[PDB]
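One chain comes next, on its own, written as structure tokens: the form deposited in one PDB entry.
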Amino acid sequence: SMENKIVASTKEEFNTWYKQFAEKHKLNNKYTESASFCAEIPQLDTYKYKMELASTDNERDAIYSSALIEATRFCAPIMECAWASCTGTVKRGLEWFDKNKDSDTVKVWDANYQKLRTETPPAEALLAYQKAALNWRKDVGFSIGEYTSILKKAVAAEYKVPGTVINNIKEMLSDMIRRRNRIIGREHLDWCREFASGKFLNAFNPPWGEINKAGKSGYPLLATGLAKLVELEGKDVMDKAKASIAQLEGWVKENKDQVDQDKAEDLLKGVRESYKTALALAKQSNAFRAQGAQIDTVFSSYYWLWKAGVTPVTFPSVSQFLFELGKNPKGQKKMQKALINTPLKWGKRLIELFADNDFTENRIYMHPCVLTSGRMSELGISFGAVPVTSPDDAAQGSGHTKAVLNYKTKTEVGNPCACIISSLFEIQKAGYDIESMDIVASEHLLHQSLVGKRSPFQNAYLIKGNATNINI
């Protein structure tokens, strides 16, 4: 029969289920964050040599698919993949969109889907989508632990890798930075940075004279400074800036005997108008057109099942399909063939969520709610690592890109994560031209790592700072 064998309406029930599954299958925490089937860190070099030899494109596609599935299939985070694929999570997760379909943080991208299959979205729908992701995650009750949670935290100053891969990791980082810069004062900027975090009393003594003083742009100096800040150091600055204003206010309230009321209230007014201007400038930053479009995998996955008309009953067959897909990969053509050929009804309805082929602008600007053939992997890691009609078959392994994130980054085992990311990167270099690719998947895996992301089921959006500023 086609049924969901993982039956839990609550984190507790699932916990029981998974203690049992984990013990039966000897899930192991050696090299992976979450317990998994991973006994040994894969060796991808043979794919590197083979890839050095390949004279045709199809072969390079197959060699990279192979390399990927080889590095992935046994490292999937069984606990979170399972939890995300269980009965309760599937019921609530699908039911969320029926209640929230018409809300203002959903309707913006949803009702506009067909359009989004072609043209890049405004900033508004990016913000909306991210809010909706966090909301679905709160309402559904998706967090059973740190690997399913919302990550709010500062990007670590340093990223440790072993001397074997340090070369590679660095090359990747430089190409990444080059790419970010491609996506897009002196005293003023440092005064703005100091104000944004440490010194809010700096607002009493602006370097340019009056705090709200306009520059060559007619835009306030503070505003553009903060903007350039969000650009270089990441949007965290804005929050920090606001925090500082908070302090300012607090101070003005705690000691009001030291200040003149009228011009204190005008000071505050000023900093606030400047901050609103800085926000507005950063929302259109065009660097927000990218970072805003960062996908929330499980959320977009459930959105896709919903949009494709999937339900608790038919979900197990999708889980099944995905599971097979993690064994026998399919490029564009093969995916389309498979999806149209299946007698099952969600197959055709999936490809009708696919964007155009044939999508004009750069794809990092594509909205995170839109399905494509390359994005099947998201579903792949959500519902596919563990087939829910036959959970034990998970022991065979199902390769899905984000599986890489389940690898530990810690130095005692010698950062398997970075090692695999690096092997993938070399392998790609061999057969493909790096600089000329719209996206580089190993690079995005790396981006996810540097930013402190240990799971596919973690939400990385609210993280503090820019991964490109990291020292490795």
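Think of the rigid core as the biggest set of C-alphas that the two forms share within 1.5 Å after superposition. Residue numbers run from 1 along the displayed sequence.
The next section is about a form of this same protein that is not shown, the form deposited in another entry.
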property	result
Core-superposed comparison between the shown form and the other one: the option from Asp175, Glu249, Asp139, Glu324 whose CA moves 2 angstroms or more	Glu249
Core fit, then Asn205 C-alpha moves 2 Å or more between the shown form and the other one	yes
Did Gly397 shift 2 Å or more between the shown form and the other one, C-alpha, core superposed	no
Shift of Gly218 between the shown form and the other one at or above 2 Å (CA, core fit)	yes
Change in CA distance between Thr297 and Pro329 in the other form, which is 3 Å or more, as closer or farther	farther
Distance direction in the other form for the C-alpha atoms of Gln294 and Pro329, relative to the displayed form (3 angstroms or more)	farther
